[PDB]
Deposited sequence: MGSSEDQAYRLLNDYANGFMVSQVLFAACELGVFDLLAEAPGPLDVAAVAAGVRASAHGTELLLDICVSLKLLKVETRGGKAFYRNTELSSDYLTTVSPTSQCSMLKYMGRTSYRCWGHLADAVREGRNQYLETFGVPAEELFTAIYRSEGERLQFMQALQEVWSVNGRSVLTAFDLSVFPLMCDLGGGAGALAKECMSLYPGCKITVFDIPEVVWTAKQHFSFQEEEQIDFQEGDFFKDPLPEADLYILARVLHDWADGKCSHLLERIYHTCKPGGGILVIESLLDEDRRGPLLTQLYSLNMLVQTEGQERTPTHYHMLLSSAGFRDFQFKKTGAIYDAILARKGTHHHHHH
């Protein structure tokens, strides 16, 4: 990718070099270079950043300089010295104090997904995930592999909640959910989406439903409101909480059609006339050929779960088969879209 070379060659190098750019961003997060800059009295030199993050003078310099070129950081010259500062981008998304922080998700991508992706050819060859070949941990029970340790589980929970600080409003306000006074977030993790949901619908109440170890770490690590309640269990076998609306955010994409049909049938059979199901997923274009981000997300499900990303028609087949009617969707213009279907008589 030399300035004077063929557009195709330049594009090819961009693609090839993508993993280096991803890891510069992940490493900057992992070392906390953005937080140190936000906690600083002004801009910092290379020696200061290096000292404050316990890293090399040579290593730090290179990292800061790439961040500047990537427009993650800004640099100013004072005397014979470069001083670094945050951008609008890093302040809004790469600072732990920021409410729209994307830090934890980026750290998970670099420590977890990145490794899995190193075995992509094999996942493509086998049509299955690579936890065993990557971490030496079996995935016969998906979430035993995903929650490898207490540490891994917390990181996963901190990671996933972050998108809702930017995407939450569009998915919950796509349809008017004020018709469902009592709600249940099936596989709600730490309860970030339910916390968002409760501020938008003040006349509602919600129960966050997840596996016992998740419910425990949620109560133990994430602070709590008056409208949010918890229930531990397995949604494939246990009695589900009574609700007018069951929310399924990034649950269906973890599983194959059959497993999906099973959970959907259980929810249907628990619903009452007029009850609803709100599926929050990144919708794939009808020709499965876009959006590129969603396509990459489907391949990550090949590598990280037992599922895939799906087209609106595919969700309609699944939901119709379970017994739901009045299927509707809304493309938000964001990663995450919203589907609402209902139970009749």
Item to complete: List in ascending order the stretches of the deposited sequence, numbered from 1, that lack C-alpha coordinates.
Response: 225 to 226, 348 to 353
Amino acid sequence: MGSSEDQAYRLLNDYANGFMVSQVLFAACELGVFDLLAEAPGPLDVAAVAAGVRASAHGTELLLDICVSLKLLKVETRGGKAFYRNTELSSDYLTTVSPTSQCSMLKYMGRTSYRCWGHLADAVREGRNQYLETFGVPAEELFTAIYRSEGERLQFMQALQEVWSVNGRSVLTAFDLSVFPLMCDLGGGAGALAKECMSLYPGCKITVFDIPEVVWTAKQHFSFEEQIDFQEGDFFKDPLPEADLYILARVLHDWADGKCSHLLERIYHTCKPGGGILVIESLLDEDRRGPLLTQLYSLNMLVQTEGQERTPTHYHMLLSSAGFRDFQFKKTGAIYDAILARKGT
From here on, numbers count along this sequence of modelled residues.
Worksheet item: Is the mean CA B factor in the deposited entry higher across 41 to 49 or across 308 to 316?
Response: 41 to 49
Practice prompt. Mind pulling up the entry and telling me whether 236 to 244 or 136 to 144 has the higher mean Cα temperature factor?
Written response: 136 to 144
Worksheet item: Can you tell me which of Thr270, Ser199, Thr207, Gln161 has the highest Cα temperature factor in the record?
Response: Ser199
Worksheet item: From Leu302, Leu293, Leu36, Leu278, can you pick the one with the highest C-alpha B factor in the entry?
Response: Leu36
Worksheet entry | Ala174 CA temperature factor, ranked by third within the chain | middle
Worksheet item: Is the Cα B-factor recorded for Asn129 in the lowest, middle or highest third of its chain?
Response: middle
Worksheet item: In terms of the chain's CA B-factor thirds, is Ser298 lowest, middle or highest?
Response: lowest
Worksheet item: Split the chain's modelled residues into thirds by Cα B-factor; is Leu252 in the lowest, middle or highest one?
Response: lowest
Response to the item:
Binned into thirds over the chain's modelled residues, the C-alpha B-factor of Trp216 lands in the highest
